[PDB]
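A lone chain, given as C-alpha coordinates: the form deposited without this ligand.
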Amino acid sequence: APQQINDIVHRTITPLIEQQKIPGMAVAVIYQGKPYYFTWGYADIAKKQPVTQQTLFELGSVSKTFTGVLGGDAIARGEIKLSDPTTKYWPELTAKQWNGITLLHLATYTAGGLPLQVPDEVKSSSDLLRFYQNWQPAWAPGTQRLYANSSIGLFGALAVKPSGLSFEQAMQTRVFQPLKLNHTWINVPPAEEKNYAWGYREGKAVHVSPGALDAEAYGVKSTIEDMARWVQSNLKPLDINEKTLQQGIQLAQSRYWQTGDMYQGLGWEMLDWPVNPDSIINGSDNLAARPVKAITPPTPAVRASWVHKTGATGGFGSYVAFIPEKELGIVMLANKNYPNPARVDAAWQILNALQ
(Lines give C-alpha, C1' and ligand atoms only; values in the text may rest on other atoms or scores of the structure.)
Protein backbone atom coordinates (compact mmCIF):
# COMPACT_ATOMS: atom_id res chain seq x y z
CA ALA A 1 0.00 0.00 0.00
CA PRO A 2 0.92 3.73 -0.04
CA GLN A 3 2.67 4.65 3.25
CA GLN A 4 -0.08 7.08 4.35
CA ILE A 5 -2.55 4.18 4.20
CA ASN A 6 -0.22 1.65 5.81
CA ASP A 7 0.52 4.07 8.63
CA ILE A 8 -3.05 5.15 9.50
CA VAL A 9 -4.43 1.58 9.35
CA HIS A 10 -1.70 0.07 11.56
CA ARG A 11 -1.46 2.88 14.12
CA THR A 12 -5.27 2.54 14.55
CA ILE A 13 -5.91 -1.23 14.37
CA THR A 14 -2.91 -2.47 16.41
CA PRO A 15 -4.03 -0.60 19.57
CA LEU A 16 -7.64 -1.72 18.95
CA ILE A 17 -6.70 -5.42 18.75
CA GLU A 18 -4.61 -5.04 21.94
CA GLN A 19 -7.32 -3.14 23.83
CA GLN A 20 -10.14 -5.50 22.81
CA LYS A 21 -8.17 -8.79 22.92
CA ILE A 22 -9.30 -9.62 19.37
CA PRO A 23 -7.72 -12.96 18.35
CA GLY A 24 -7.90 -12.25 14.62
CA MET A 25 -8.80 -9.45 12.24
CA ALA A 26 -8.80 -8.51 8.59
CA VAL A 27 -9.16 -4.92 7.28
CA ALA A 28 -9.68 -3.54 3.72
CA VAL A 29 -9.41 0.09 2.80
CA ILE A 30 -10.92 1.26 -0.45
CA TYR A 31 -8.96 4.37 -1.42
CA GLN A 32 -9.75 6.27 -4.61
CA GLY A 33 -11.58 3.10 -5.63
CA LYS A 34 -8.80 0.51 -5.09
CA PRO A 35 -8.48 -2.06 -2.28
CA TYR A 36 -5.66 -2.38 0.25
CA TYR A 37 -5.62 -5.28 2.67
CA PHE A 38 -4.39 -5.93 6.17
CA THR A 39 -4.50 -9.00 8.41
CA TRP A 40 -3.60 -9.72 12.06
CA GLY A 41 -3.65 -12.63 14.49
CA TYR A 42 -5.46 -15.92 14.42
CA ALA A 43 -8.30 -17.53 12.49
CA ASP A 44 -8.04 -20.57 14.71
CA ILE A 45 -6.06 -20.33 17.91
CA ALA A 46 -5.91 -24.07 18.66
CA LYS A 47 -4.68 -24.96 15.15
CA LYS A 48 -2.41 -21.84 14.97
CA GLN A 49 -4.00 -20.81 11.65
CA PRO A 50 -3.43 -17.16 10.84
CA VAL A 51 -6.02 -14.79 9.40
CA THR A 52 -5.38 -14.40 5.65
CA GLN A 53 -7.15 -12.74 2.69
CA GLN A 54 -8.93 -16.07 2.16
CA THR A 55 -10.18 -16.36 5.78
CA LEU A 56 -14.00 -16.51 6.08
CA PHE A 57 -15.62 -14.45 8.82
CA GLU A 58 -19.20 -14.46 9.98
CA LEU A 59 -20.68 -11.12 8.90
CA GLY A 60 -23.54 -11.30 11.38
CA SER A 61 -25.92 -8.39 10.72
CA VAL A 62 -23.78 -6.95 7.89
CA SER A 63 -25.57 -9.80 6.09
CA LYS A 64 -28.62 -7.47 6.19
CA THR A 65 -27.00 -5.34 3.44
CA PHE A 66 -26.92 -8.27 1.08
CA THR A 67 -30.55 -8.85 1.91
CA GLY A 68 -31.47 -5.24 1.28
CA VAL A 69 -29.68 -5.36 -2.06
CA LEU A 70 -31.30 -8.69 -3.14
CA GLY A 71 -34.59 -7.16 -2.05
CA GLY A 72 -33.83 -4.02 -4.09
CA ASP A 73 -32.93 -6.22 -7.05
CA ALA A 74 -36.30 -8.01 -6.85
CA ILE A 75 -37.99 -4.62 -6.84
CA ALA A 76 -36.08 -3.48 -9.92
CA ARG A 77 -37.06 -6.78 -11.56
CA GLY A 78 -40.71 -5.77 -10.94
CA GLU A 79 -41.29 -9.00 -8.97
CA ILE A 80 -42.23 -7.20 -5.73
CA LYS A 81 -43.05 -3.69 -4.54
CA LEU A 82 -42.20 -2.20 -1.11
CA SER A 83 -45.68 -0.70 -1.01
CA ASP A 84 -47.21 -4.18 -1.18
CA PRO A 85 -48.93 -5.60 1.93
CA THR A 86 -47.07 -8.49 3.57
CA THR A 87 -50.17 -10.69 3.07
CA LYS A 88 -49.76 -10.40 -0.74
CA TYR A 89 -46.75 -12.79 -0.44
CA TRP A 90 -47.94 -14.65 2.65
CA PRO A 91 -51.77 -14.90 2.37
CA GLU A 92 -51.79 -17.25 5.42
CA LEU A 93 -51.04 -14.12 7.49
CA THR A 94 -54.74 -13.58 8.12
CA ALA A 95 -54.46 -12.06 11.64
CA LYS A 96 -55.92 -8.53 11.54
CA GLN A 97 -52.83 -6.70 12.90
CA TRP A 98 -51.22 -7.36 9.52
CA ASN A 99 -53.53 -5.07 7.49
CA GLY A 100 -51.36 -2.15 6.45
CA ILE A 101 -47.99 -3.77 7.18
CA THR A 102 -46.04 -3.48 3.96
CA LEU A 103 -42.76 -4.93 2.70
CA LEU A 104 -41.35 -1.47 3.35
CA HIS A 105 -42.22 -1.81 7.02
CA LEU A 106 -40.59 -5.24 7.16
CA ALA A 107 -37.36 -4.21 5.49
CA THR A 108 -36.91 -1.09 7.64
CA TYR A 109 -37.86 -2.28 11.19
CA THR A 110 -40.97 -0.05 11.20
CA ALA A 111 -43.72 -2.73 11.25
CA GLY A 112 -44.86 -1.85 14.83
CA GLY A 113 -42.40 -3.67 17.08
CA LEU A 114 -41.47 -7.03 15.60
CA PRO A 115 -38.91 -8.52 18.05
CA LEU A 116 -35.13 -8.42 17.66
CA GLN A 117 -34.90 -12.24 17.64
CA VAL A 118 -37.21 -14.92 16.34
CA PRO A 119 -37.55 -17.21 19.36
CA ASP A 120 -35.20 -20.23 19.57
CA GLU A 121 -38.21 -22.51 20.09
CA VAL A 122 -39.50 -21.79 16.55
CA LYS A 123 -38.18 -24.81 14.68
CA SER A 124 -40.82 -25.84 12.12
CA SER A 125 -42.16 -23.44 9.50
CA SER A 126 -45.67 -23.64 11.01
CA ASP A 127 -44.06 -22.55 14.30
CA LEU A 128 -42.99 -19.52 12.23
CA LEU A 129 -46.51 -18.78 10.92
CA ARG A 130 -47.78 -19.08 14.49
CA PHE A 131 -45.15 -16.63 15.74
CA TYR A 132 -46.09 -13.91 13.21
CA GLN A 133 -49.83 -14.63 13.50
CA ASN A 134 -49.69 -14.37 17.27
CA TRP A 135 -47.40 -11.34 17.35
CA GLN A 136 -48.97 -8.18 18.82
CA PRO A 137 -47.73 -4.76 17.58
CA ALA A 138 -46.90 -2.21 20.25
CA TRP A 139 -47.37 0.55 17.60
CA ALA A 140 -49.09 1.47 14.34
CA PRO A 141 -47.01 0.71 11.22
CA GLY A 142 -44.57 3.41 10.09
CA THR A 143 -44.35 5.18 13.45
CA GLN A 144 -41.40 3.57 15.25
CA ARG A 145 -38.15 1.85 14.32
CA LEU A 146 -37.09 -1.14 16.42
CA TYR A 147 -34.16 -3.04 14.81
CA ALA A 148 -35.27 -6.65 14.40
CA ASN A 149 -34.03 -9.79 12.72
CA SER A 150 -37.65 -11.09 12.62
CA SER A 151 -38.52 -8.03 10.55
CA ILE A 152 -35.79 -7.88 7.88
CA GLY A 153 -35.44 -11.71 7.98
CA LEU A 154 -39.08 -11.95 6.95
CA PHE A 155 -38.67 -9.28 4.27
CA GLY A 156 -35.87 -11.41 2.82
CA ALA A 157 -37.88 -14.59 2.77
CA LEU A 158 -40.85 -12.93 1.04
CA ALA A 159 -38.92 -10.75 -1.42
CA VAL A 160 -37.69 -13.93 -3.21
CA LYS A 161 -41.09 -15.68 -3.39
CA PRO A 162 -42.09 -14.54 -6.93
CA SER A 163 -38.69 -15.65 -8.28
CA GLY A 164 -39.41 -19.21 -7.13
CA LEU A 165 -35.80 -19.41 -5.96
CA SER A 166 -34.81 -20.28 -2.39
CA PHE A 167 -33.26 -17.29 -0.63
CA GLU A 168 -29.77 -18.86 -1.05
CA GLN A 169 -30.23 -19.70 -4.74
CA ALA A 170 -31.56 -16.19 -5.35
CA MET A 171 -28.68 -14.64 -3.41
CA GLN A 172 -25.95 -16.71 -5.10
CA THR A 173 -27.29 -16.16 -8.65
CA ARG A 174 -28.47 -12.60 -8.45
CA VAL A 175 -25.96 -10.99 -6.08
CA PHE A 176 -22.90 -13.14 -5.37
CA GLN A 177 -22.23 -14.41 -8.90
CA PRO A 178 -22.70 -11.09 -10.81
CA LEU A 179 -20.43 -9.27 -8.35
CA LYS A 180 -17.83 -12.07 -8.46
CA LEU A 181 -18.17 -12.75 -4.77
CA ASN A 182 -16.84 -16.30 -5.20
CA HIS A 183 -15.91 -16.77 -1.52
CA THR A 184 -19.14 -15.54 0.04
CA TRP A 185 -21.52 -18.12 1.44
CA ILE A 186 -24.83 -18.47 3.18
CA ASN A 187 -23.73 -22.04 3.90
CA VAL A 188 -20.00 -22.69 4.00
CA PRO A 189 -19.22 -25.55 1.60
CA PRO A 190 -16.98 -28.35 2.89
CA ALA A 191 -14.34 -27.25 0.33
CA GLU A 192 -14.03 -23.92 2.12
CA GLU A 193 -14.12 -25.15 5.74
CA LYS A 194 -10.30 -24.95 5.97
CA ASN A 195 -10.74 -21.17 5.63
CA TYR A 196 -13.64 -20.81 8.08
CA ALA A 197 -12.28 -18.89 11.11
CA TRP A 198 -13.52 -19.78 14.56
CA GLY A 199 -15.33 -17.13 16.58
CA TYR A 200 -14.43 -16.55 20.18
CA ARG A 201 -16.84 -15.95 23.02
CA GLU A 202 -15.38 -15.90 26.53
CA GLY A 203 -12.31 -17.67 25.12
CA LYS A 204 -14.36 -20.50 23.62
CA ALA A 205 -14.31 -21.34 19.87
CA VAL A 206 -17.81 -20.84 18.40
CA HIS A 207 -19.60 -20.87 15.07
CA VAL A 208 -23.09 -19.35 14.55
CA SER A 209 -26.00 -21.63 15.48
CA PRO A 210 -28.74 -22.50 12.95
CA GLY A 211 -31.99 -20.59 13.62
CA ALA A 212 -35.15 -19.24 11.96
CA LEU A 213 -34.46 -16.72 9.16
CA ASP A 214 -30.69 -16.82 9.92
CA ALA A 215 -29.64 -16.60 6.27
CA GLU A 216 -31.82 -13.52 5.69
CA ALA A 217 -30.76 -11.63 8.79
CA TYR A 218 -27.27 -12.66 9.95
CA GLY A 219 -26.14 -15.71 7.99
CA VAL A 220 -23.49 -14.66 5.43
CA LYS A 221 -19.76 -15.51 5.77
CA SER A 222 -17.17 -13.73 3.63
CA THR A 223 -13.51 -12.91 3.04
CA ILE A 224 -11.90 -9.47 3.33
CA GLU A 225 -11.37 -9.62 -0.52
CA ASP A 226 -15.01 -10.24 -1.39
CA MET A 227 -16.06 -7.72 1.27
CA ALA A 228 -13.82 -5.08 -0.30
CA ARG A 229 -15.48 -5.91 -3.62
CA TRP A 230 -18.87 -5.51 -1.95
CA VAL A 231 -17.83 -1.99 -0.88
CA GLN A 232 -16.60 -1.19 -4.42
CA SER A 233 -19.97 -2.24 -5.88
CA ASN A 234 -21.90 -0.20 -3.33
CA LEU A 235 -19.56 2.78 -3.85
CA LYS A 236 -20.07 2.67 -7.66
CA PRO A 237 -23.40 0.95 -8.41
CA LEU A 238 -23.54 2.51 -11.85
CA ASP A 239 -20.45 0.61 -13.04
CA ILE A 240 -22.44 -2.62 -12.50
CA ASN A 241 -23.35 -4.31 -15.79
CA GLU A 242 -26.54 -6.05 -14.56
CA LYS A 243 -29.34 -3.49 -14.77
CA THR A 244 -31.65 -4.56 -11.94
CA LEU A 245 -28.67 -5.21 -9.56
CA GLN A 246 -27.33 -1.75 -10.28
CA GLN A 247 -30.67 -0.30 -9.34
CA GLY A 248 -30.96 -2.71 -6.40
CA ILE A 249 -27.83 -1.19 -4.84
CA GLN A 250 -29.17 2.32 -5.42
CA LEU A 251 -32.42 1.31 -3.78
CA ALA A 252 -30.73 -0.15 -0.69
CA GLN A 253 -29.10 3.27 -0.11
CA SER A 254 -32.31 5.27 -0.48
CA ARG A 255 -33.41 7.07 2.70
CA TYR A 256 -36.81 5.80 3.81
CA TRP A 257 -36.99 7.00 7.41
CA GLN A 258 -35.16 9.44 9.59
CA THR A 259 -34.30 9.04 13.24
CA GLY A 260 -32.04 11.70 14.79
CA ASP A 261 -29.07 12.09 12.45
CA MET A 262 -29.57 8.68 10.80
CA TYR A 263 -31.57 7.57 7.76
CA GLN A 264 -32.75 3.98 7.32
CA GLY A 265 -32.00 2.30 4.00
CA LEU A 266 -32.57 -1.32 2.99
CA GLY A 267 -30.01 -2.93 5.31
CA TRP A 268 -27.63 0.01 5.01
CA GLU A 269 -27.93 2.96 7.39
CA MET A 270 -26.89 6.48 6.43
CA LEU A 271 -25.83 9.87 7.76
CA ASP A 272 -25.10 13.11 5.91
CA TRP A 273 -21.37 13.52 5.26
CA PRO A 274 -19.45 15.12 6.77
CA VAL A 275 -20.53 13.53 10.00
CA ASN A 276 -20.11 14.17 13.65
CA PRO A 277 -18.04 11.17 14.84
CA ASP A 278 -19.82 11.22 18.26
CA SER A 279 -23.12 10.94 16.33
CA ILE A 280 -22.03 7.65 14.71
CA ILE A 281 -19.72 6.45 17.51
CA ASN A 282 -22.22 6.70 20.39
CA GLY A 283 -25.06 6.06 17.90
CA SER A 284 -23.73 2.51 17.34
CA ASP A 285 -23.99 1.16 20.99
CA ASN A 286 -25.67 -2.26 21.40
CA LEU A 287 -33.91 -2.55 22.63
CA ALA A 288 -33.87 1.09 21.42
CA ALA A 289 -37.33 2.12 20.18
CA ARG A 290 -37.26 5.39 18.19
CA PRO A 291 -40.01 7.40 16.49
CA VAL A 292 -39.35 7.70 12.76
CA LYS A 293 -40.08 10.49 10.34
CA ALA A 294 -41.18 9.21 6.95
CA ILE A 295 -39.21 10.58 4.05
CA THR A 296 -41.97 11.12 1.52
CA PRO A 297 -40.87 10.18 -1.05
CA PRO A 298 -37.60 8.41 -0.11
CA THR A 299 -34.41 10.26 -1.08
CA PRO A 300 -32.38 8.47 -3.77
CA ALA A 301 -28.88 7.42 -2.73
CA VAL A 302 -26.96 10.57 -1.57
CA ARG A 303 -23.29 10.43 -2.66
CA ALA A 304 -22.33 12.69 0.26
CA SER A 305 -23.30 10.17 2.95
CA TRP A 306 -21.51 8.04 5.48
CA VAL A 307 -23.04 4.63 4.56
CA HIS A 308 -22.53 1.96 7.18
CA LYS A 309 -23.55 -1.30 8.93
CA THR A 310 -22.60 -3.02 12.12
CA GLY A 311 -22.79 -6.78 12.49
CA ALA A 312 -22.38 -9.37 15.22
CA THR A 313 -22.61 -13.08 15.98
CA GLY A 314 -21.77 -14.79 19.32
CA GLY A 315 -18.14 -14.99 18.22
CA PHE A 316 -17.71 -12.38 15.50
CA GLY A 317 -17.85 -8.56 15.05
CA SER A 318 -17.89 -6.77 11.68
CA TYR A 319 -18.12 -3.25 10.34
CA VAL A 320 -18.42 -1.73 6.86
CA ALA A 321 -18.43 1.99 6.12
CA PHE A 322 -18.05 3.96 2.92
CA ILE A 323 -18.33 7.47 1.55
CA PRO A 324 -19.52 7.46 -2.08
CA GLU A 325 -18.48 11.02 -3.01
CA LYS A 326 -14.94 10.42 -1.69
CA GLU A 327 -14.59 6.97 -3.27
CA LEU A 328 -13.55 5.91 0.19
CA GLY A 329 -14.43 2.83 2.25
CA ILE A 330 -13.44 0.35 4.97
CA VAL A 331 -14.24 -3.21 6.01
CA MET A 332 -13.29 -4.53 9.43
CA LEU A 333 -13.82 -8.22 10.20
CA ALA A 334 -12.96 -9.69 13.56
CA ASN A 335 -13.42 -13.07 15.16
CA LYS A 336 -14.56 -11.49 18.42
CA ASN A 337 -17.84 -9.66 19.16
CA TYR A 338 -16.35 -6.40 20.59
CA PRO A 339 -18.15 -3.07 21.31
CA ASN A 340 -19.69 -1.30 18.25
CA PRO A 341 -18.38 2.15 19.24
CA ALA A 342 -14.78 0.92 19.17
CA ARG A 343 -15.36 -0.24 15.56
CA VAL A 344 -16.92 2.98 14.37
CA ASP A 345 -14.19 4.92 16.15
CA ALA A 346 -11.36 2.96 14.46
CA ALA A 347 -13.18 3.33 11.11
CA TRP A 348 -13.75 7.11 11.45
CA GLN A 349 -10.16 7.57 12.55
CA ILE A 350 -8.93 5.77 9.41
CA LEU A 351 -11.34 7.32 6.90
CA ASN A 352 -11.11 10.85 8.24
CA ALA A 353 -7.33 10.75 7.72
CA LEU A 354 -7.58 9.61 4.07
CA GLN A 355 -10.39 11.98 3.18
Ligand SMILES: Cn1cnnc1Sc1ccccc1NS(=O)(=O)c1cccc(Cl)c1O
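In case it trips you up, residue 1 is the first one in the sequence shown, and so on.
The protein also exists as the form solved in complex with this ligand; that form is not presented, and the subsequent description refers to it.
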Inset, instruction - Please check if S209 has a heavy atom lying within 4.5 Å of any heavy atom of this ligand in the entry with it bound. - result: yes
Inset, instruction - With heavy atoms only and a cut-off of 4.5 Å, decide whether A312 touches this ligand in the entry with it bound. - result: yes
Inset, instruction - Mark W268 yes when one of its heavy atoms lies within 4.5 Å of a heavy atom of this ligand in the entry with it bound, and no otherwise. - result: no
Inset, instruction - Please check if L116 has a heavy atom lying within 4.5 Å of any heavy atom of this ligand in the entry with it bound. - result: yes
